[PDB]
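Structural features, examined
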There are 2 protein chains.
Amino acid sequence: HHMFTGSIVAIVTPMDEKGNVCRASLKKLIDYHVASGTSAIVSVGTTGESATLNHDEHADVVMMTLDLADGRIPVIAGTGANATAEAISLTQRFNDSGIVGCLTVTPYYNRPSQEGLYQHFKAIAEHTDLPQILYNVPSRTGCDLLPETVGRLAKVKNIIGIXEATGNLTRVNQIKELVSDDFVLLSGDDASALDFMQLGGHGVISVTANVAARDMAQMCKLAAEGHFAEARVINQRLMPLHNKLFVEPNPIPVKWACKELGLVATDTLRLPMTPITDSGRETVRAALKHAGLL
Amino acid sequence: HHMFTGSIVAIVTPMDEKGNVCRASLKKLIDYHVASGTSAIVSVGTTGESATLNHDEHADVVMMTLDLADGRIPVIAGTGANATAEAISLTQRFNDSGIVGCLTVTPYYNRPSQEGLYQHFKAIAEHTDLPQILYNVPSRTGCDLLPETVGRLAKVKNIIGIXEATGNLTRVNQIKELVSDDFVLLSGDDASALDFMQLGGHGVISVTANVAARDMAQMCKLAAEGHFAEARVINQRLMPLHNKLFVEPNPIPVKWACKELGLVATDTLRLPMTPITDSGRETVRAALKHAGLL
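Residues numbered from 1 in each chain as written, not as in the entry; some residues may be left out. Chains lettered and ligands numbered in written order. Heavy atoms only, no water. Residues with missing side-chain atoms left out of burial classes, pairs and counts.

Determination of this PDB entry was carried out by X-ray crystallography to a resolution of 2.16 Å, according to the record.

Let's shift gears to the interface of chain B and chain A. The interface of chain B with chain A comprises 31 residues on the first partner and 30 residues on the second. Taken over both partners, the interface formed by chain B and chain A buries close to 2500 Å², and the fraction arising from carbon and sulfur atoms is 63%. Summed over the three residues of chain B that lose the most area to chain A, namely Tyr-109, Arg-140 and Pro-272 of chain B, the buried surface amounts to 29% of that side. At the junction of chain B with chain A, the criterion picks out six residue pairs in polar contact. The set of elements that each furnish at least two residues to the side of chain B that touches chain A consists of α4 (114-125) and α5 (138-141) of chain B. Per-element accounting of the side of chain B that touches chain A gives the leading share, four residues, to α4 of chain B. Counted by class, the side of chain B that touches chain A contains 13 nonpolar, 15 polar and three charged residues. (Contact = heavy atoms within 4.5 Å. Buried area = accessible area lost by both parts, 1.4 Å probe. Polar contact = N/O pair within 3.5 Å; in protein donor to acceptor, adjacent residues only side chain to side chain. Helix = DSSP H or I, 4+ residues; strand = E, 2+ residues; numbered from the N terminus. Nonpolar A, V, L, I, M, F, W, Y, C, P; charged D, E, K, R; others polar.)

Another point: unusual backbone geometry. Residues and elements named next belong to chain A. Of note, the amide linkage connecting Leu-271 to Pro-272 takes the cis form, showing an omega dihedral of 10°. Mapped onto the secondary structure, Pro-272 falls in the loop between α11 (252-260) and α12 (278-290). With a phi close to 55°, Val-44 is a non-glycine residue in the positive phi region. Position of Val-44 among the secondary structure elements: in the loop between β2 (40-43) and α2 (55-69).

What follows concerns the relation of the copies chain B and chain A. In summary, the two copies of the chain are related to each other by a rotation about an axis coupled with a shift along it. Mapping chain B onto chain A calls for a screw motion: a turn of 180° about the axis and a shift of 0.0 Å along it, with 0.1 Å RMSD after fitting. Taken together, the rotation angle and the small translation identify this as a two-fold axis. Comparing interface residues between copies, 97% of those in chain B also lie at the interface in chain A; the contact surface is shared. (Least-squares fit on C-alpha atoms.)

Once that is clear, we can look at the packing of aromatic side chains. Inspection of every chain in the model, using the stated rule, returns three aromatic pairs over all chains. When the centroid spacing of 5.4 Å and the interplanar angle of 50° are considered together, the rings of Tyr-108 of chain A and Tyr-109 of chain B count as tilted. Pair noted here: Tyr-108 of chain A is in the loop between β4 (101-105) and α4 (114-126) and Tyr-109 of chain B is in the loop between β4 (101-105) and α4, and the two residues belong to different chains. Exposure remark for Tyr-108 of chain A: the relative accessible area of 16% places this residue in the buried category. Ring pairing ties together the aromatic residues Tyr-108 and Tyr-109 of chain A together with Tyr-108 and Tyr-109 of chain B, which thus form one cluster. In this arrangement the basic side chain of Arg-152 of chain A is found over the ring face of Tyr-118 of chain A, its NZ or CZ atom lying 3.7 Å from the centre. (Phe/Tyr/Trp six-rings, centres within 6.5 Å; stacked < 30°, edge-to-face > 60°. Buried < 20%, exposed > 50% of the residue type's maximum accessible area, 1.4 Å probe, protein only. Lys NZ or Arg CZ within 6 Å of the ring centre and 35° of its normal.)

Right under this line is the structure:
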């Protein structure tokens, strides 16, 4: 309950022109996060294009990320799967890998019940020693993991927290009153992450931190200390970026922002992600400028 | 396109108590659909638990269904994937297999743009000779394939129809006026499928047909002939089943129904799907009795 707080980047998976992971650029990003104060790196989350890496590529990107990090910054592996046997199998790949934990999303597309969610996350945690951070994002999955079910799973030993990406701020204290104090509450919605922290959230798993890592680390530090008017100044500088980094499907805008700041060699993605549009480039550039990054 | 019309069953993948496919129950189901007038079998769609079979088991079930069908009834392979490379690769498995076409869902979870949807399905259609039926189901995918994008994709040689599962009946003629007249329009929502046909759709890819194949075949035949008042009498008989087969997540209720009618040996599913509740059993039973099947 400290490395899973603060500003945690959901790091993009930088690719070359063929759509394969670019170690050189990945190394650049990781050095940037070590130097910026990022608390940890979620490797192959949604923003890392988990949807279009097969599980072998997924494991490889994580291991590459661990190697480049070289102990300087903790790495959390994205391990979600909508089939419980496959989530178990992906998780087991990382046992004794060096990752400090997992981010495991509610099963998508097949829309299980709350009882199905509970059985899913329990079975996964029973097959590993790693801390588990639950991840709820109904807008992507078709499925809402509710506070009561969260409270049930938080009783599991190595289920330690949740990346709450509904953007519904009432969930913060709904979950918190049902879980112990060391259960970590993490925003998955950049635009409302400060609010989320002002209500008691412990940090954010952030897309914006890919291109404003220092700002995001300072904002989360101020929030944790109770300096919310001061945190709010930074948030207002970053807010157009919190919004426009989703003006087209994530991570299309944030990869283009990364390329624009020099952080990666190419903004290539894998289909069905498509190159950013002309209007999107103008919109994201204006938000980067608004942030004082460009 | 006559085989892509009428009552098409999205058939369950029956399993033994360990969750492996049960060939003897699959044979039972396929003979039932041959005797019932079902027009075609969609193999390993959503109701066939596509989410929890890997592509090898997936391919096994399709090949097993084709074999058992023995040329008596056409088979459509479910082939959707949220990574375009993976959708192509899965579609390539079934070329020259004997399936008559493919049911391919919009990418789930990664929420592509309409242009992302266009590139995805275009790329797929260009790597096969098989007819392609698009599948829109935003409730599960987080993504909504709009009529104009369907108009764009129908211009593609082998993109030949859609399984429209929004339950929004205005889509029927919104799509119809953008496409050729042999573009097949198929309901993906049992409770509104007759309305869908009365508005001009050509049939349904149906969950209810798993347990009421004769009535569904008769209702669709009546609808195609314009006898909607008589088709509606059957619909009113089946409507509690249209609704209660989703009282718990599909295909949990329909698999239990199949067992109750003695159509399959077990109603076992794979996690994160869980067994039907007692309250689910009573609700699904009463709906079956309402239909005169029990």
